[PDB]
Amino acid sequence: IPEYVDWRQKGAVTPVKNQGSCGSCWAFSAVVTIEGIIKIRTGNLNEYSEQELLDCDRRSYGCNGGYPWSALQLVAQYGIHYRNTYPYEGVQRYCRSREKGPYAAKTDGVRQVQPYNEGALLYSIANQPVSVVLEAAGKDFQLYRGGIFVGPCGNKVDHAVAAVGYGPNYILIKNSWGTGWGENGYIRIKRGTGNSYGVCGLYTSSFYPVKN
């Protein structure tokens, strides 16, 4: 695997989104990975619906939070429409999938990255973007304006995000707080510190879609 990976220089990442007030980060995170794998397999970059996971994953708690792994199973069993067909509302409605016609994409399952393992995360990112969680509740995280973020933060992971690259000293994260946060919506979190949690808990639970 190479020293730098940035899926944006491969055209596999869509613009930065803003989830709003709704605790819909789990849905945001999942759709990053799905836009990623479908580009990698088909050579096309598409935007998919966070609002359909919001409404339709039963497992997760709508605007109160939820699970990128439940969302990514829903897309493996059923599929997902495009974003322009089932646009973001930032409120949980009921599941409208059956109304919006046949799914635009379906994936073939979901895998877990082995947790607490920087190298297994780096090797997964070198393959495609990955859904990751971290502790975002801290002020230092919220106030982040750019540079390689080192904390402070703990590991009471609370927020799902997508890892779309890495370098020698960082992992490159697409967040869902719009472009005025961070580096135009992105954060570079420090890696290689030897905290098996990863900085802010980054190594706690990572999942990626499987598409043949």
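One rule holds for the numbers: they count along the sequence shown, beginning at 1.
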Exercise. Quick one: say whether 174-182 or 28-36 has the higher mean Cα B-factor in the deposited entry.
Key: 174-182
Self-check item: Mean temperature factor over C-alpha atoms, higher-scoring stretch between 110-118 and 136-144
Solution: 136-144
Exercise. Tell me which of 129, 87, 101, 79 tops the list for C-alpha B factor in the record.
Key: 101
Quiz item: What third of the chain, by the recorded C-alpha B-factor, contains residue 14?
Solution: lowest
Practice problem: Compare the C-alpha B factor of residue 97 with those of the other modelled residues in its chain, then answer lowest, middle or highest third. | Solution: highest
Quiz item: What third of its chain, lowest, middle or highest, does the C-alpha temperature factor of residue 162 fall into?
Solution: lowest
Quiz item: What third of its chain's C-alpha B-factors does residue 51 belong to: lowest, middle or highest?
Solution: lowest
Practice problem: Rank-wise, by C-alpha B-factor, drop residue 68 into the lowest, middle or highest third of its chain. | Solution: lowest
